[PDB]
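Enquirer: Okay, handing you the structure first.
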Amino acid sequence: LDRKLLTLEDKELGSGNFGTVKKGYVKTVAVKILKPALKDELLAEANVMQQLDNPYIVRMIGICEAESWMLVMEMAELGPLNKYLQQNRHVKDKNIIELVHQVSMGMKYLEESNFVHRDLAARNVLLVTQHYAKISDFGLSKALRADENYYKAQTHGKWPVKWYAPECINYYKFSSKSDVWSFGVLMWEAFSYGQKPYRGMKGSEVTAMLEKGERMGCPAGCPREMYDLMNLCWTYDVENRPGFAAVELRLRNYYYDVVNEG
Ligand SMILES: FC(F)(F)c1ccnc(Nc2cccc(-c3cccc(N4CCNCC4)c3)n2)c1
């Protein structure tokens, strides 16, 4: 991209030991900014996003090089789903079903495109409107080789364990079905209005919970069929777990049934 066309604002949206995000520009955009191979990760993330064309996935404008390495994408003005919900706890349950269903349409596309996200969390879903969600954060994402059904992580990175399926933790095997597991945690998060999953527990304690067969409980006011769907996403054995075709069709139908009423 051509820096001269881009305009940064002083206030960062988020920061950390990784980098920072800012607002820019005719089209409004979001910019992730570095603070040796953190560039490679960003280029890798840029490479992934370039291949993705879907309404429910944040669309990349491009990458830019100046005082920092910058990834430029379309703006989702309302920001991370988890925070939004925390700040707006009277969002209707129909509207949450709407939002998660949109993530599942996005995830069915990614599944269909044979990409695995590897970081599907409520924090990584951004809101364009109250009624339009997009999937963000493809920094951990991998294209599946033509000859493979999963991505084999060759080392333990800094992993969001509370979002990760047993096969990820146990075998480092990342598939679309691993992302489905995460979708369940994401589902739980959305219906819990941006509560952190497995609160008060270390990652190793979460594994011990799940191995026993213990699951996070039904969020207050979450329809039972949506909690059922979460638990189905939390099938321990990845063979018996649904992919997003099944998951999205479950949500698709339910969201229309819930439209049927009002
Ligand atoms: F992902 C992104 F590149 F930063 C991006 C892309 C497109 N639109 C936005 N929009 C907004 C709008 C408002 C606040 C934020 C924001 C603030 C802190 C952290 C994060 N995030 C980023 C997503 N992953 C977990 C942390 C996002 N973002 C962001």
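Residue names in the structure tokens use chain letters A, B, ... in the order shown, residue numbers from 1 in each chain, and ligand numbers from 1 in the order shown.
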Residues near residue 8 in chain A, anyone? I mean within 9 Å using only C-alpha atoms, not counting same-chain ones fewer than 6 positions away, as a ChimeraX atom specification.
Expert: /A:22-25,31
Enquirer: Per residue of range 146-224 of chain A within 6 Å of range 101-123 of chain A, note the shortest atom pair and the distance in Å to one decimal, counting only C-alpha atoms, and order the rows by chain and increasing residue number, as a tab-separated table.
Expert:
```
residue	atom	partner	partner_atom	distance
A:175	CA	A:116	CA	5.9
A:176	CA	A:116	CA	5.4
A:182	CA	A:120	CA	5.6
A:186	CA	A:122	CA	5.1
```
Enquirer: Any residue with an atom at most 8 Å from ligand 1 counts, using only C-alpha atoms and all ligand atoms. Which are they? Put them as a ChimeraX atom specification.
Expert: /A:12-15,20-23,29-32,58,71-80,123-127,136-137
Enquirer: Mind writing the picked residues with N, CA, C and O atoms as a tab-separated table (two decimals), in the first residue's frame?
Expert:
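Okay, this is what ended up in out04.tsv:
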```
chain	number	residue	atom	x	y	z
A	12	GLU	N	-4.41	4.92	20.06
A	12	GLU	CA	-4.49	3.50	19.76
A	12	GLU	C	-5.78	2.92	20.35
A	12	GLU	O	-6.24	3.34	21.42
A	13	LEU	N	-6.38	1.96	19.64
A	13	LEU	CA	-7.60	1.29	20.09
A	13	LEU	C	-7.25	0.24	21.15
A	13	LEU	O	-7.89	0.16	22.20
A	14	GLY	N	-6.23	-0.57	20.85
A	14	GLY	CA	-5.66	-1.51	21.81
A	14	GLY	C	-4.15	-1.55	21.71
A	14	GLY	O	-3.60	-1.22	20.66
A	15	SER	N	-3.49	-1.94	22.79
A	15	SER	CA	-2.03	-2.07	22.80
A	15	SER	C	-1.60	-3.36	23.51
A	15	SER	O	-2.44	-4.18	23.88
A	20	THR	N	-0.06	-2.84	18.45
A	20	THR	CA	-1.14	-1.88	18.68
A	20	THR	C	-2.04	-1.70	17.45
A	20	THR	O	-1.60	-1.94	16.33
A	21	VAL	N	-3.28	-1.26	17.68
A	21	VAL	CA	-4.28	-1.08	16.63
A	21	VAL	C	-4.76	0.38	16.60
A	21	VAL	O	-5.06	0.94	17.65
A	22	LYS	N	-4.86	0.97	15.41
A	22	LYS	CA	-5.31	2.37	15.27
A	22	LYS	C	-6.32	2.54	14.12
A	22	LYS	O	-6.46	1.66	13.27
A	23	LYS	N	-7.00	3.69	14.11
A	23	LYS	CA	-8.03	4.00	13.10
A	23	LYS	C	-7.46	4.88	11.99
A	23	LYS	O	-6.67	5.78	12.26
A	29	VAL	N	-10.50	2.51	7.83
A	29	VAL	CA	-9.78	1.25	8.03
A	29	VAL	C	-9.18	1.11	9.43
A	29	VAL	O	-9.01	2.09	10.15
A	30	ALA	N	-8.84	-0.13	9.79
A	30	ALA	CA	-8.15	-0.45	11.04
A	30	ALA	C	-6.73	-0.90	10.72
A	30	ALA	O	-6.51	-1.55	9.70
A	31	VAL	N	-5.78	-0.56	11.59
A	31	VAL	CA	-4.34	-0.81	11.33
A	31	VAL	C	-3.66	-1.50	12.51
A	31	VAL	O	-3.60	-0.94	13.61
A	32	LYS	N	-3.13	-2.70	12.27
A	32	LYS	CA	-2.30	-3.39	13.27
A	32	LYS	C	-0.83	-3.03	13.03
A	32	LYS	O	-0.36	-3.08	11.89
A	58	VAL	N	-13.31	-10.25	8.24
A	58	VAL	CA	-12.71	-8.93	8.03
A	58	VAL	C	-11.87	-8.97	6.74
A	58	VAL	O	-11.00	-9.82	6.57
A	71	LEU	N	-0.67	-3.60	8.95
A	71	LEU	CA	-1.70	-4.35	8.23
A	71	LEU	C	-2.99	-3.55	8.25
A	71	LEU	O	-3.50	-3.22	9.32
A	72	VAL	N	-3.50	-3.25	7.06
A	72	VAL	CA	-4.65	-2.38	6.89
A	72	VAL	C	-5.83	-3.21	6.39
A	72	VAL	O	-5.72	-3.93	5.40
A	73	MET	N	-6.95	-3.10	7.11
A	73	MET	CA	-8.18	-3.83	6.79
A	73	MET	C	-9.36	-2.90	6.92
A	73	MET	O	-9.24	-1.83	7.52
A	74	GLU	N	-10.50	-3.30	6.37
A	74	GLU	CA	-11.77	-2.61	6.60
A	74	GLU	C	-12.04	-2.41	8.09
A	74	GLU	O	-11.64	-3.24	8.91
A	75	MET	N	-12.71	-1.31	8.43
A	75	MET	CA	-13.03	-1.02	9.83
A	75	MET	C	-14.30	-1.75	10.25
A	75	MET	O	-15.27	-1.82	9.50
A	76	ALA	N	-14.26	-2.34	11.45
A	76	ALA	CA	-15.47	-2.75	12.16
A	76	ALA	C	-15.60	-1.83	13.38
A	76	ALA	O	-14.95	-2.04	14.41
A	77	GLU	N	-16.46	-0.82	13.24
A	77	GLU	CA	-16.49	0.32	14.14
A	77	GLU	C	-16.76	0.00	15.62
A	77	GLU	O	-16.20	0.67	16.50
A	78	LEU	N	-17.61	-0.99	15.89
A	78	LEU	CA	-18.04	-1.26	17.28
A	78	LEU	C	-17.05	-2.15	18.02
A	78	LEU	O	-17.16	-2.32	19.22
A	79	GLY	N	-16.12	-2.75	17.30
A	79	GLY	CA	-15.01	-3.44	17.94
A	79	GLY	C	-15.33	-4.84	18.43
A	79	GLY	O	-16.34	-5.44	18.02
A	80	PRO	N	-14.45	-5.38	19.31
A	80	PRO	CA	-14.53	-6.76	19.75
A	80	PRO	C	-15.87	-7.12	20.39
A	80	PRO	O	-16.39	-6.39	21.22
A	123	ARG	N	-13.29	-12.37	21.56
A	123	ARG	CA	-12.38	-11.22	21.40
A	123	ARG	C	-11.97	-10.98	19.95
A	123	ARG	O	-11.68	-9.86	19.58
A	124	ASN	N	-11.95	-12.05	19.14
A	124	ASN	CA	-11.57	-11.96	17.72
A	124	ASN	C	-12.74	-11.85	16.74
A	124	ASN	O	-12.55	-12.02	15.54
A	125	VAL	N	-13.93	-11.54	17.25
A	125	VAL	CA	-15.08	-11.21	16.42
A	125	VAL	C	-15.35	-9.73	16.58
A	125	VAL	O	-15.45	-9.22	17.70
A	126	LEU	N	-15.45	-9.03	15.46
A	126	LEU	CA	-15.62	-7.60	15.49
A	126	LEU	C	-16.99	-7.26	14.97
A	126	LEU	O	-17.55	-7.98	14.15
A	127	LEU	N	-17.54	-6.16	15.47
A	127	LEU	CA	-18.90	-5.76	15.12
A	127	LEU	C	-18.88	-4.56	14.21
A	127	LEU	O	-18.32	-3.51	14.55
A	136	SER	N	-12.13	-11.91	12.77
A	136	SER	CA	-10.87	-11.19	12.72
A	136	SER	C	-9.76	-12.11	13.21
A	136	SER	O	-10.01	-13.25	13.59
A	137	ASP	N	-8.54	-11.60	13.19
A	137	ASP	CA	-7.38	-12.26	13.79
A	137	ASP	C	-7.03	-13.60	13.18
A	137	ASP	O	-7.35	-14.65	13.74
```
Enquirer: Ranking A:138, A:177, A:200, A:91 by minimum distance to residue 60 in chain A and counting only C-alpha atoms, which one comes first?
Expert: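 With only C-alpha atoms as the atom set, the closest residue is A:138.
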Enquirer: Which neighbours of range 209-214 of chain A fall inside 10 Å, counting only C-alpha atoms, when residues of the same chain fewer than 6 positions from it are skipped, and could you give them as a ChimeraX atom specification?
Expert: /A:165-166,198,201,203,234-236
Enquirer: Just asking: which residues within range 8-221 of chain A are helix (DSSP H, G or I) according to DSSP, as a PDB file with N, CA and C atoms, in the first residue's frame?
Expert:
```
ATOM      1  N   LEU A  38       8.026 -11.449  13.668  1.00  0.00           N
ATOM      2  CA  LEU A  38       6.715 -10.878  13.972  1.00  0.00           C
ATOM      3  C   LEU A  38       6.158 -10.227  12.708  1.00  0.00           C
ATOM      4  N   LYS A  39       7.063  -9.803  11.826  1.00  0.00           N
ATOM      5  CA  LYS A  39       6.714  -9.342  10.478  1.00  0.00           C
ATOM      6  C   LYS A  39       6.230 -10.516   9.624  1.00  0.00           C
ATOM      7  N   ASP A  40       6.960 -11.627   9.680  1.00  0.00           N
ATOM      8  CA  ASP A  40       6.581 -12.844   8.958  1.00  0.00           C
ATOM      9  C   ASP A  40       5.168 -13.291   9.329  1.00  0.00           C
ATOM     10  N   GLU A  41       4.868 -13.280  10.628  1.00  0.00           N
ATOM     11  CA  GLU A  41       3.534 -13.608  11.138  1.00  0.00           C
ATOM     12  C   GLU A  41       2.481 -12.677  10.538  1.00  0.00           C
ATOM     13  N   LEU A  42       2.826 -11.392  10.477  1.00  0.00           N
ATOM     14  CA  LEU A  42       1.948 -10.369   9.926  1.00  0.00           C
ATOM     15  C   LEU A  42       1.790 -10.528   8.414  1.00  0.00           C
ATOM     16  N   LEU A  43       2.896 -10.798   7.721  1.00  0.00           N
ATOM     17  CA  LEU A  43       2.854 -11.134   6.294  1.00  0.00           C
ATOM     18  C   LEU A  43       2.097 -12.440   6.056  1.00  0.00           C
ATOM     19  N   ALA A  44       2.275 -13.404   6.959  1.00  0.00           N
ATOM     20  CA  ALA A  44       1.572 -14.683   6.879  1.00  0.00           C
ATOM     21  C   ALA A  44       0.084 -14.467   7.073  1.00  0.00           C
ATOM     22  N   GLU A  45      -0.251 -13.635   8.058  1.00  0.00           N
ATOM     23  CA  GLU A  45      -1.630 -13.239   8.316  1.00  0.00           C
ATOM     24  C   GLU A  45      -2.209 -12.477   7.130  1.00  0.00           C
ATOM     25  N   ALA A  46      -1.422 -11.550   6.591  1.00  0.00           N
ATOM     26  CA  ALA A  46      -1.790 -10.829   5.381  1.00  0.00           C
ATOM     27  C   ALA A  46      -1.999 -11.786   4.202  1.00  0.00           C
ATOM     28  N   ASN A  47      -1.115 -12.765   4.062  1.00  0.00           N
ATOM     29  CA  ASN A  47      -1.257 -13.760   2.995  1.00  0.00           C
ATOM     30  C   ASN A  47      -2.558 -14.550   3.095  1.00  0.00           C
ATOM     31  N   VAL A  48      -2.934 -14.913   4.318  1.00  0.00           N
ATOM     32  CA  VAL A  48      -4.168 -15.652   4.551  1.00  0.00           C
ATOM     33  C   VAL A  48      -5.368 -14.794   4.188  1.00  0.00           C
ATOM     34  N   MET A  49      -5.418 -13.581   4.733  1.00  0.00           N
ATOM     35  CA  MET A  49      -6.578 -12.700   4.573  1.00  0.00           C
ATOM     36  C   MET A  49      -6.833 -12.317   3.127  1.00  0.00           C
ATOM     37  N   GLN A  50      -5.759 -12.198   2.353  1.00  0.00           N
ATOM     38  CA  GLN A  50      -5.837 -11.946   0.914  1.00  0.00           C
ATOM     39  C   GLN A  50      -6.645 -12.994   0.155  1.00  0.00           C
ATOM     40  N   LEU A  81     -16.413  -8.260  19.965  1.00  0.00           N
ATOM     41  CA  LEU A  81     -17.725  -8.713  20.392  1.00  0.00           C
ATOM     42  C   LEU A  81     -17.792  -8.833  21.898  1.00  0.00           C
ATOM     43  N   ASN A  82     -16.738  -9.390  22.489  1.00  0.00           N
ATOM     44  CA  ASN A  82     -16.736  -9.654  23.914  1.00  0.00           C
ATOM     45  C   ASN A  82     -16.931  -8.349  24.712  1.00  0.00           C
ATOM     46  N   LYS A  83     -16.168  -7.308  24.381  1.00  0.00           N
ATOM     47  CA  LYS A  83     -16.280  -6.007  25.049  1.00  0.00           C
ATOM     48  C   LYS A  83     -17.622  -5.368  24.779  1.00  0.00           C
ATOM     49  N   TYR A  84     -18.070  -5.442  23.531  1.00  0.00           N
ATOM     50  CA  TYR A  84     -19.324  -4.818  23.165  1.00  0.00           C
ATOM     51  C   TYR A  84     -20.416  -5.315  24.106  1.00  0.00           C
ATOM     52  N   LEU A  85     -20.539  -6.640  24.185  1.00  0.00           N
ATOM     53  CA  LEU A  85     -21.548  -7.289  25.017  1.00  0.00           C
ATOM     54  C   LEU A  85     -21.404  -6.962  26.490  1.00  0.00           C
ATOM     55  N   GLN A  86     -20.167  -6.862  26.961  1.00  0.00           N
ATOM     56  CA  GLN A  86     -19.891  -6.463  28.334  1.00  0.00           C
ATOM     57  C   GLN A  86     -20.492  -5.090  28.601  1.00  0.00           C
ATOM     58  N   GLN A  87     -20.313  -4.180  27.642  1.00  0.00           N
ATOM     59  CA  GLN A  87     -20.820  -2.810  27.738  1.00  0.00           C
ATOM     60  C   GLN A  87     -22.327  -2.671  27.457  1.00  0.00           C
ATOM     61  N   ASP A  93     -31.561 -11.705  23.072  1.00  0.00           N
ATOM     62  CA  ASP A  93     -31.038 -13.039  22.788  1.00  0.00           C
ATOM     63  C   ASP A  93     -31.119 -13.398  21.304  1.00  0.00           C
ATOM     64  N   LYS A  94     -32.159 -12.904  20.636  1.00  0.00           N
ATOM     65  CA  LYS A  94     -32.299 -13.021  19.188  1.00  0.00           C
ATOM     66  C   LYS A  94     -31.078 -12.427  18.471  1.00  0.00           C
ATOM     67  N   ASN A  95     -30.638 -11.263  18.945  1.00  0.00           N
ATOM     68  CA  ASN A  95     -29.490 -10.552  18.395  1.00  0.00           C
ATOM     69  C   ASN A  95     -28.163 -11.299  18.618  1.00  0.00           C
ATOM     70  N   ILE A  96     -28.056 -12.034  19.724  1.00  0.00           N
ATOM     71  CA  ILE A  96     -26.865 -12.857  19.954  1.00  0.00           C
ATOM     72  C   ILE A  96     -26.880 -14.057  19.031  1.00  0.00           C
ATOM     73  N   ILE A  97     -28.046 -14.683  18.873  1.00  0.00           N
ATOM     74  CA  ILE A  97     -28.180 -15.801  17.924  1.00  0.00           C
ATOM     75  C   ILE A  97     -27.792 -15.317  16.526  1.00  0.00           C
ATOM     76  N   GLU A  98     -28.296 -14.138  16.165  1.00  0.00           N
ATOM     77  CA  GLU A  98     -27.945 -13.493  14.902  1.00  0.00           C
ATOM     78  C   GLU A  98     -26.436 -13.395  14.765  1.00  0.00           C
ATOM     79  N   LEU A  99     -25.783 -12.833  15.779  1.00  0.00           N
ATOM     80  CA  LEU A  99     -24.325 -12.617  15.718  1.00  0.00           C
ATOM     81  C   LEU A  99     -23.510 -13.904  15.592  1.00  0.00           C
ATOM     82  N   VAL A 100     -23.796 -14.915  16.421  1.00  0.00           N
ATOM     83  CA  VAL A 100     -23.031 -16.176  16.371  1.00  0.00           C
ATOM     84  C   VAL A 100     -23.285 -16.961  15.087  1.00  0.00           C
ATOM     85  N   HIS A 101     -24.524 -16.933  14.618  1.00  0.00           N
ATOM     86  CA  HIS A 101     -24.867 -17.518  13.328  1.00  0.00           C
ATOM     87  C   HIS A 101     -24.013 -16.905  12.217  1.00  0.00           C
ATOM     88  N   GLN A 102     -23.798 -15.589  12.276  1.00  0.00           N
ATOM     89  CA  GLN A 102     -22.961 -14.897  11.288  1.00  0.00           C
ATOM     90  C   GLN A 102     -21.516 -15.392  11.358  1.00  0.00           C
ATOM     91  N   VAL A 103     -20.991 -15.551  12.570  1.00  0.00           N
ATOM     92  CA  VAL A 103     -19.668 -16.143  12.741  1.00  0.00           C
ATOM     93  C   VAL A 103     -19.618 -17.554  12.112  1.00  0.00           C
ATOM     94  N   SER A 104     -20.663 -18.365  12.319  1.00  0.00           N
ATOM     95  CA  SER A 104     -20.730 -19.726  11.743  1.00  0.00           C
ATOM     96  C   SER A 104     -20.808 -19.754  10.209  1.00  0.00           C
ATOM     97  N   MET A 105     -21.441 -18.744   9.613  1.00  0.00           N
ATOM     98  CA  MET A 105     -21.427 -18.582   8.157  1.00  0.00           C
ATOM     99  C   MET A 105     -20.006 -18.257   7.683  1.00  0.00           C
ATOM    100  N   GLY A 106     -19.361 -17.315   8.373  1.00  0.00           N
ATOM    101  CA  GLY A 106     -17.938 -17.019   8.169  1.00  0.00           C
ATOM    102  C   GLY A 106     -17.035 -18.235   8.342  1.00  0.00           C
ATOM    103  N   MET A 107     -17.308 -19.038   9.362  1.00  0.00           N
ATOM    104  CA  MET A 107     -16.506 -20.237   9.637  1.00  0.00           C
ATOM    105  C   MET A 107     -16.773 -21.400   8.698  1.00  0.00           C
ATOM    106  N   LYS A 108     -17.990 -21.478   8.167  1.00  0.00           N
ATOM    107  CA  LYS A 108     -18.314 -22.452   7.129  1.00  0.00           C
ATOM    108  C   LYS A 108     -17.575 -22.132   5.829  1.00  0.00           C
ATOM    109  N   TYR A 109     -17.428 -20.842   5.542  1.00  0.00           N
ATOM    110  CA  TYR A 109     -16.660 -20.398   4.386  1.00  0.00           C
ATOM    111  C   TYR A 109     -15.176 -20.759   4.531  1.00  0.00           C
ATOM    112  N   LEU A 110     -14.642 -20.540   5.717  1.00  0.00           N
ATOM    113  CA  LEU A 110     -13.243 -20.833   5.996  1.00  0.00           C
ATOM    114  C   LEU A 110     -12.991 -22.342   5.950  1.00  0.00           C
ATOM    115  N   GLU A 111     -13.922 -23.106   6.506  1.00  0.00           N
ATOM    116  CA  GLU A 111     -13.893 -24.559   6.417  1.00  0.00           C
ATOM    117  C   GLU A 111     -13.902 -24.969   4.951  1.00  0.00           C
ATOM    118  N   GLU A 112     -14.908 -24.495   4.210  1.00  0.00           N
ATOM    119  CA  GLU A 112     -15.017 -24.720   2.761  1.00  0.00           C
ATOM    120  C   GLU A 112     -13.753 -24.325   2.008  1.00  0.00           C
ATOM    121  N   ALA A 122     -14.421 -14.906  21.154  1.00  0.00           N
ATOM    122  CA  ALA A 122     -15.283 -13.709  21.115  1.00  0.00           C
ATOM    123  C   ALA A 122     -14.451 -12.423  20.930  1.00  0.00           C
ATOM    124  N   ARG A 123     -13.288 -12.367  21.563  1.00  0.00           N
ATOM    125  CA  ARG A 123     -12.383 -11.217  21.404  1.00  0.00           C
ATOM    126  C   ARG A 123     -11.973 -10.984  19.950  1.00  0.00           C
ATOM    127  N   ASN A 124     -11.949 -12.048  19.142  1.00  0.00           N
ATOM    128  CA  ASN A 124     -11.573 -11.964  17.723  1.00  0.00           C
ATOM    129  C   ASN A 124     -12.740 -11.847  16.743  1.00  0.00           C
ATOM    130  N   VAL A 161      -5.595 -21.845  25.293  1.00  0.00           N
ATOM    131  CA  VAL A 161      -5.988 -23.216  25.655  1.00  0.00           C
ATOM    132  C   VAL A 161      -7.489 -23.360  25.943  1.00  0.00           C
ATOM    133  N   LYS A 162      -8.074 -22.340  26.563  1.00  0.00           N
ATOM    134  CA  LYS A 162      -9.478 -22.371  26.948  1.00  0.00           C
ATOM    135  C   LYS A 162     -10.407 -22.397  25.748  1.00  0.00           C
ATOM    136  N   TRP A 163      -9.853 -22.127  24.571  1.00  0.00           N
ATOM    137  CA  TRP A 163     -10.605 -22.171  23.313  1.00  0.00           C
ATOM    138  C   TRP A 163     -10.330 -23.417  22.485  1.00  0.00           C
ATOM    139  N   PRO A 166      -9.487 -30.877  22.703  1.00  0.00           N
ATOM    140  CA  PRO A 166      -8.533 -31.864  23.232  1.00  0.00           C
ATOM    141  C   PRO A 166      -7.436 -32.292  22.250  1.00  0.00           C
ATOM    142  N   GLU A 167      -7.757 -32.436  20.966  1.00  0.00           N
ATOM    143  CA  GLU A 167      -6.754 -32.913  19.985  1.00  0.00           C
ATOM    144  C   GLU A 167      -5.635 -31.895  19.766  1.00  0.00           C
ATOM    145  N   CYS A 168      -5.962 -30.618  19.944  1.00  0.00           N
ATOM    146  CA  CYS A 168      -4.990 -29.535  19.839  1.00  0.00           C
ATOM    147  C   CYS A 168      -4.004 -29.629  20.990  1.00  0.00           C
ATOM    148  N   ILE A 169      -4.543 -29.696  22.207  1.00  0.00           N
ATOM    149  CA  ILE A 169      -3.733 -29.847  23.417  1.00  0.00           C
ATOM    150  C   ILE A 169      -2.965 -31.170  23.442  1.00  0.00           C
ATOM    151  N   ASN A 170      -3.626 -32.260  23.054  1.00  0.00           N
ATOM    152  CA  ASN A 170      -3.032 -33.595  23.148  1.00  0.00           C
ATOM    153  C   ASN A 170      -2.164 -33.976  21.961  1.00  0.00           C
ATOM    154  N   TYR A 171      -2.598 -33.645  20.746  1.00  0.00           N
ATOM    155  CA  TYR A 171      -1.867 -34.048  19.514  1.00  0.00           C
ATOM    156  C   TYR A 171      -1.342 -32.889  18.646  1.00  0.00           C
ATOM    157  N   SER A 176     -10.588 -27.836  11.045  1.00  0.00           N
ATOM    158  CA  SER A 176     -11.825 -27.058  11.092  1.00  0.00           C
ATOM    159  C   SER A 176     -12.713 -27.484  12.257  1.00  0.00           C
ATOM    160  N   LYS A 177     -12.706 -28.778  12.558  1.00  0.00           N
ATOM    161  CA  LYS A 177     -13.409 -29.287  13.730  1.00  0.00           C
ATOM    162  C   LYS A 177     -12.805 -28.776  15.045  1.00  0.00           C
ATOM    163  N   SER A 178     -11.509 -28.497  15.085  1.00  0.00           N
ATOM    164  CA  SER A 178     -10.943 -27.818  16.270  1.00  0.00           C
ATOM    165  C   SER A 178     -11.525 -26.405  16.421  1.00  0.00           C
ATOM    166  N   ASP A 179     -11.721 -25.720  15.297  1.00  0.00           N
ATOM    167  CA  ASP A 179     -12.322 -24.394  15.276  1.00  0.00           C
ATOM    168  C   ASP A 179     -13.789 -24.461  15.725  1.00  0.00           C
ATOM    169  N   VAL A 180     -14.456 -25.568  15.400  1.00  0.00           N
ATOM    170  CA  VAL A 180     -15.820 -25.789  15.859  1.00  0.00           C
ATOM    171  C   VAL A 180     -15.887 -25.847  17.381  1.00  0.00           C
ATOM    172  N   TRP A 181     -14.973 -26.590  17.995  1.00  0.00           N
ATOM    173  CA  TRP A 181     -14.832 -26.574  19.448  1.00  0.00           C
ATOM    174  C   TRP A 181     -14.766 -25.134  19.946  1.00  0.00           C
ATOM    175  N   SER A 182     -13.894 -24.338  19.332  1.00  0.00           N
ATOM    176  CA  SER A 182     -13.720 -22.938  19.730  1.00  0.00           C
ATOM    177  C   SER A 182     -14.997 -22.129  19.536  1.00  0.00           C
ATOM    178  N   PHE A 183     -15.709 -22.428  18.457  1.00  0.00           N
ATOM    179  CA  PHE A 183     -16.995 -21.792  18.216  1.00  0.00           C
ATOM    180  C   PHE A 183     -17.952 -21.992  19.411  1.00  0.00           C
ATOM    181  N   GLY A 184     -17.883 -23.150  20.061  1.00  0.00           N
ATOM    182  CA  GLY A 184     -18.708 -23.443  21.234  1.00  0.00           C
ATOM    183  C   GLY A 184     -18.356 -22.555  22.416  1.00  0.00           C
ATOM    184  N   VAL A 185     -17.069 -22.439  22.698  1.00  0.00           N
ATOM    185  CA  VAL A 185     -16.557 -21.493  23.699  1.00  0.00           C
ATOM    186  C   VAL A 185     -16.933 -20.060  23.342  1.00  0.00           C
ATOM    187  N   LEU A 186     -16.807 -19.717  22.060  1.00  0.00           N
ATOM    188  CA  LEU A 186     -17.241 -18.432  21.556  1.00  0.00           C
ATOM    189  C   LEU A 186     -18.755 -18.251  21.734  1.00  0.00           C
ATOM    190  N   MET A 187     -19.523 -19.291  21.418  1.00  0.00           N
ATOM    191  CA  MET A 187     -20.972 -19.292  21.648  1.00  0.00           C
ATOM    192  C   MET A 187     -21.260 -18.997  23.119  1.00  0.00           C
ATOM    193  N   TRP A 188     -20.620 -19.761  24.007  1.00  0.00           N
ATOM    194  CA  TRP A 188     -20.770 -19.593  25.459  1.00  0.00           C
ATOM    195  C   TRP A 188     -20.455 -18.161  25.885  1.00  0.00           C
ATOM    196  N   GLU A 189     -19.390 -17.606  25.304  1.00  0.00           N
ATOM    197  CA  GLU A 189     -18.945 -16.244  25.614  1.00  0.00           C
ATOM    198  C   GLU A 189     -19.996 -15.213  25.210  1.00  0.00           C
ATOM    199  N   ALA A 190     -20.548 -15.390  24.013  1.00  0.00           N
ATOM    200  CA  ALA A 190     -21.519 -14.456  23.466  1.00  0.00           C
ATOM    201  C   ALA A 190     -22.779 -14.453  24.325  1.00  0.00           C
ATOM    202  N   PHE A 191     -23.286 -15.643  24.627  1.00  0.00           N
ATOM    203  CA  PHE A 191     -24.476 -15.765  25.484  1.00  0.00           C
ATOM    204  C   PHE A 191     -24.211 -15.433  26.945  1.00  0.00           C
ATOM    205  N   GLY A 203      -5.137 -23.075  32.566  1.00  0.00           N
ATOM    206  CA  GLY A 203      -5.363 -23.876  31.362  1.00  0.00           C
ATOM    207  C   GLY A 203      -5.285 -25.370  31.624  1.00  0.00           C
ATOM    208  N   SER A 204      -4.309 -25.781  32.433  1.00  0.00           N
ATOM    209  CA  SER A 204      -4.142 -27.189  32.784  1.00  0.00           C
ATOM    210  C   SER A 204      -5.349 -27.722  33.565  1.00  0.00           C
ATOM    211  N   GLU A 205      -5.974 -26.852  34.361  1.00  0.00           N
ATOM    212  CA  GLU A 205      -7.175 -27.195  35.123  1.00  0.00           C
ATOM    213  C   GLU A 205      -8.395 -27.364  34.221  1.00  0.00           C
ATOM    214  N   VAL A 206      -8.433 -26.591  33.142  1.00  0.00           N
ATOM    215  CA  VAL A 206      -9.469 -26.721  32.107  1.00  0.00           C
ATOM    216  C   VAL A 206      -9.399 -28.086  31.407  1.00  0.00           C
ATOM    217  N   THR A 207      -8.188 -28.513  31.061  1.00  0.00           N
ATOM    218  CA  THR A 207      -7.971 -29.818  30.432  1.00  0.00           C
ATOM    219  C   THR A 207      -8.470 -30.942  31.338  1.00  0.00           C
ATOM    220  N   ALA A 208      -8.168 -30.827  32.631  1.00  0.00           N
ATOM    221  CA  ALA A 208      -8.573 -31.815  33.632  1.00  0.00           C
ATOM    222  C   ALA A 208     -10.090 -31.867  33.812  1.00  0.00           C
ATOM    223  N   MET A 209     -10.714 -30.694  33.784  1.00  0.00           N
ATOM    224  CA  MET A 209     -12.172 -30.575  33.757  1.00  0.00           C
ATOM    225  C   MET A 209     -12.804 -31.310  32.569  1.00  0.00           C
ATOM    226  N   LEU A 210     -12.316 -30.992  31.371  1.00  0.00           N
ATOM    227  CA  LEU A 210     -12.882 -31.503  30.123  1.00  0.00           C
ATOM    228  C   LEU A 210     -12.690 -33.003  29.961  1.00  0.00           C
ATOM    229  N   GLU A 211     -11.554 -33.497  30.451  1.00  0.00           N
ATOM    230  CA  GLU A 211     -11.236 -34.923  30.436  1.00  0.00           C
ATOM    231  C   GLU A 211     -12.225 -35.732  31.283  1.00  0.00           C
ATOM    232  N   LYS A 212     -12.534 -35.232  32.487  1.00  0.00           N
ATOM    233  CA  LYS A 212     -13.626 -35.766  33.324  1.00  0.00           C
ATOM    234  C   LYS A 212     -14.983 -35.762  32.611  1.00  0.00           C
TER     235      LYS A 212
END
```
Enquirer: Could you tell me how far CA of residue 193 in chain A sits from CA of residue 216 in chain A, in Å to one decimal place?
Expert: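 Rounded to one decimal, the two atoms are 14.5 Å apart.
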Enquirer: I need the residue nearest residue 151 in chain A from this list: A:139, A:164, A:231, A:174. Use only C-alpha atoms for the distance.
Expert: A:174
Enquirer: Determine the nearest neighbour of residue 173 in chain A from the options A:6, A:226, A:57, A:153, counting only C-alpha atoms.
Expert: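 Of A:6, A:226, A:57, A:153, the one nearest residue 173 in chain A, counting only C-alpha atoms, is A:153.
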Enquirer: Please return as a PyMOL selection string: the residues of range 42-199 of chain A that backbone DSSP assigns to strand (DSSP E).
Expert: chain A and resi 60-65+69-74+79-80+115-116+125-129+132-135+142-143+151-152+173-174
